[PDB]
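This report concerns only the one structure given below.
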Amino acid sequence: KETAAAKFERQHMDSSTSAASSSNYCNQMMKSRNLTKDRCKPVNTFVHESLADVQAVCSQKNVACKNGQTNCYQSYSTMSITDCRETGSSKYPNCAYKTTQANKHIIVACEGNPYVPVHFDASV
Ligand SMILES: Nc1ccn([C@@H]2O[C@H](COP(=O)(O)O)[C@@H](O)[C@H]2O)c(=O)n1
């Protein structure tokens, strides 16, 4: 299919832009990264930092994942992120999302060799 590291990049990386501008950013990106394909994914975060800066988080602050696993890492500083949340009215296949741009720390789960991000856990 897609490796776990490639799937994480397709779903969460957006380094071409420094930040979301229109309230339309999430509807466009969720569609173009195929996250509304079989359903509307309810929550998805896009990170506007270089891939290298996000991968560096795997060697930063070790914290437990929401699942109780302990291979989660929190970035020491904040990063530009865009939170995409499905609206209460949205209905597959007419998926609608609310866009929220912010600067927060991210929490990612890392794995393999090289040890890289394979899952976006939360933003704080
Ligand atoms: N702040 C958040 C919370 C979850 N997510 C996405 O939602 C998926 C499922 O969320 P859970 O962490 O709730 O399992 C995550 O794998 C991640 O792709 C996200 O992108 N941003």
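A note on labels: chains of the structure tokens are A, B, ... as shown, every chain counts residues from 1, and ligands are counted from 1 in their shown order.
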Fill in: Surrounding residues of region 103-113 of chain A excluding itself and chain neighbours under 4 positions, 7 Å, only C-alpha atoms, as a ChimeraX atom specification
/A:58,71-81,117-124
Output file for the selection above: N, CA and C atoms, as a PDB file, in the first residue's frame:
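Output saved as out.pdb:
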ATOM      1  N   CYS A  58      11.129  13.245  17.016  1.00  0.00           N
ATOM      2  CA  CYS A  58      11.281  11.901  17.542  1.00  0.00           C
ATOM      3  C   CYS A  58      12.446  11.776  18.518  1.00  0.00           C
ATOM      4  N   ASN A  71       5.804   5.583  22.976  1.00  0.00           N
ATOM      5  CA  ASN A  71       6.695   5.977  21.878  1.00  0.00           C
ATOM      6  C   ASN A  71       6.249   7.307  21.258  1.00  0.00           C
ATOM      7  N   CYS A  72       5.696   8.187  22.093  1.00  0.00           N
ATOM      8  CA  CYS A  72       5.230   9.507  21.701  1.00  0.00           C
ATOM      9  C   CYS A  72       6.249  10.541  22.172  1.00  0.00           C
ATOM     10  N   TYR A  73       6.413  11.609  21.416  1.00  0.00           N
ATOM     11  CA  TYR A  73       7.348  12.690  21.640  1.00  0.00           C
ATOM     12  C   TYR A  73       6.681  14.034  21.386  1.00  0.00           C
ATOM     13  N   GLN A  74       6.886  14.954  22.312  1.00  0.00           N
ATOM     14  CA  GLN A  74       6.320  16.298  22.177  1.00  0.00           C
ATOM     15  C   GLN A  74       7.401  17.284  21.754  1.00  0.00           C
ATOM     16  N   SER A  75       7.107  18.140  20.756  1.00  0.00           N
ATOM     17  CA  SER A  75       8.125  19.091  20.312  1.00  0.00           C
ATOM     18  C   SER A  75       8.427  20.075  21.442  1.00  0.00           C
ATOM     19  N   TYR A  76       9.683  20.480  21.552  1.00  0.00           N
ATOM     20  CA  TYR A  76      10.056  21.448  22.594  1.00  0.00           C
ATOM     21  C   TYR A  76       9.471  22.823  22.281  1.00  0.00           C
ATOM     22  N   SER A  77       9.366  23.202  20.992  1.00  0.00           N
ATOM     23  CA  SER A  77       8.783  24.495  20.689  1.00  0.00           C
ATOM     24  C   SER A  77       7.487  24.325  19.890  1.00  0.00           C
ATOM     25  N   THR A  78       6.809  25.449  19.705  1.00  0.00           N
ATOM     26  CA  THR A  78       5.563  25.438  18.954  1.00  0.00           C
ATOM     27  C   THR A  78       5.865  25.465  17.475  1.00  0.00           C
ATOM     28  N   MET A  79       4.895  24.985  16.691  1.00  0.00           N
ATOM     29  CA  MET A  79       5.019  24.928  15.243  1.00  0.00           C
ATOM     30  C   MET A  79       3.711  25.429  14.640  1.00  0.00           C
ATOM     31  N   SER A  80       3.774  25.884  13.399  1.00  0.00           N
ATOM     32  CA  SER A  80       2.574  26.380  12.728  1.00  0.00           C
ATOM     33  C   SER A  80       1.709  25.190  12.350  1.00  0.00           C
ATOM     34  N   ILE A  81       0.481  25.112  12.826  1.00  0.00           N
ATOM     35  CA  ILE A  81      -0.345  23.958  12.449  1.00  0.00           C
ATOM     36  C   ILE A  81      -1.746  24.391  12.070  1.00  0.00           C
ATOM     37  N   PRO A 117       8.325   9.805  12.426  1.00  0.00           N
ATOM     38  CA  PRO A 117       6.923   9.908  12.775  1.00  0.00           C
ATOM     39  C   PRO A 117       6.030   9.001  11.924  1.00  0.00           C
ATOM     40  N   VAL A 118       5.141   8.255  12.589  1.00  0.00           N
ATOM     41  CA  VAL A 118       4.234   7.394  11.870  1.00  0.00           C
ATOM     42  C   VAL A 118       2.813   7.723  12.289  1.00  0.00           C
ATOM     43  N   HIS A 119       2.602   8.633  13.242  1.00  0.00           N
ATOM     44  CA  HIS A 119       1.204   8.924  13.640  1.00  0.00           C
ATOM     45  C   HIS A 119       1.138  10.252  14.360  1.00  0.00           C
ATOM     46  N   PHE A 120       0.098  11.030  14.100  1.00  0.00           N
ATOM     47  CA  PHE A 120      -0.109  12.326  14.740  1.00  0.00           C
ATOM     48  C   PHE A 120      -1.084  12.085  15.905  1.00  0.00           C
ATOM     49  N   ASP A 121      -0.585  12.230  17.132  1.00  0.00           N
ATOM     50  CA  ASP A 121      -1.376  12.014  18.340  1.00  0.00           C
ATOM     51  C   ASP A 121      -2.169  13.196  18.807  1.00  0.00           C
ATOM     52  N   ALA A 122      -1.609  14.394  18.884  1.00  0.00           N
ATOM     53  CA  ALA A 122      -2.312  15.591  19.344  1.00  0.00           C
ATOM     54  C   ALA A 122      -1.461  16.839  19.205  1.00  0.00           C
ATOM     55  N   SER A 123      -2.040  17.995  19.475  1.00  0.00           N
ATOM     56  CA  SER A 123      -1.290  19.253  19.468  1.00  0.00           C
ATOM     57  C   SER A 123      -1.654  19.872  20.837  1.00  0.00           C
ATOM     58  N   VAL A 124      -0.688  20.491  21.481  1.00  0.00           N
ATOM     59  CA  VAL A 124      -0.887  21.090  22.787  1.00  0.00           C
ATOM     60  C   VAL A 124      -0.475  22.563  22.734  1.00  0.00           C
TER      61      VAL A 124
END
Worksheet entry | Option closest in space to ligand 1, from A:52, A:6, A:43, A:63 [counting only C-alpha atoms and all ligand atoms] |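 Smallest distance to ligand 1 is found for A:43.
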Discussion item. One decimal, in Å: what's the spacing between CA of residue 32 (chain A) and CA of residue 92 (chain A)?
Written reply: 15.6 Å
Practice prompt. Have a look at A:34, A:115, A:1, A:13 and name the one nearest to residue 59 (chain A); count only C-alpha atoms.
Written response: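 Checking each candidate against residue 59 (chain A), we get A:115 as the closest.
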Practice prompt. Name the closest residue to residue 53 (chain A) among the candidates A:24, A:86, A:98, A:116; distances are taken between atoms, counting only C-alpha atoms.
Written response: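 Answer, going by the shortest atom-to-atom distance: A:116.
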Response to the item:
Using only C-alpha atoms, the best pick from A:12, A:91, A:33, A:85 as closest to residue 51 (chain A) would be A:12
Worksheet item: What are the DSSP strand (DSSP E) residues of chain A, as a PyMOL selection string?
Response: chain A and resi 43-47+61-63+72-74+79-86+97-104+106-111+116-123
Discussion item. I'd like to know which of A:35, A:84, A:29, A:47 is closest to residue 15 (chain A), using only C-alpha atoms.
Written reply: A:47
Discussion item. If DSSP is run on the backbone, what residues of region 2-122 of chain A are helix (DSSP H, G or I)? A reply as JSON, numbers by chain would be ideal.
Written reply: {"A": [4, 5, 6, 7, 8, 9, 10, 11, 12, 25, 26, 27, 28, 29, 30, 31, 32, 51, 52, 53, 54, 55, 56, 57, 58, 59]}
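Straight-line separation from CA of residue 39 (chain A) to CA of residue 21 (chain A): 25.1 Å.
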Worksheet item: Rounded to one decimal in Å, what is the spacing between CA of residue 46 (chain A) and CA of residue 19 (chain A)?
Response: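 Computing the Euclidean distance for CA of residue 46 (chain A) and CA of residue 19 (chain A) yields 9.5 Å.
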Item to complete: Do a neighbour search on residue 27 (chain A) at 8 Å with only C-alpha atoms, toss out local chain neighbours closer than 3 positions, and write the hits as a ChimeraX atom specification.
Response: /A:24,30-31,95-97
For the residues in that selection, give me N, CA and C atoms as a short mmCIF file (atom, residue, chain, number, x, y, z; two decimals), in the first residue's frame.
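Generated output (out_17.cif):
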data_model
loop_
_atom_site.label_atom_id
_atom_site.label_comp_id
_atom_site.auth_asym_id
_atom_site.auth_seq_id
_atom_site.Cartn_x
_atom_site.Cartn_y
_atom_site.Cartn_z
N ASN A 24 -11.35 28.04 3.88
CA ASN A 24 -11.54 26.98 2.89
C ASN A 24 -10.35 26.02 2.81
N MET A 30 -8.23 18.41 2.68
CA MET A 30 -8.73 17.09 3.04
C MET A 30 -9.11 16.33 1.77
N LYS A 31 -9.59 17.08 0.79
CA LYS A 31 -10.02 16.48 -0.49
C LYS A 31 -8.80 16.08 -1.28
N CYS A 95 -18.49 16.40 2.60
CA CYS A 95 -17.71 16.62 3.82
C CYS A 95 -17.40 18.11 4.00
N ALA A 96 -17.62 18.64 5.18
CA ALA A 96 -17.34 20.07 5.39
C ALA A 96 -16.50 20.17 6.66
N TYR A 97 -15.48 21.01 6.62
CA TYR A 97 -14.59 21.13 7.76
C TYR A 97 -14.41 22.56 8.24
#
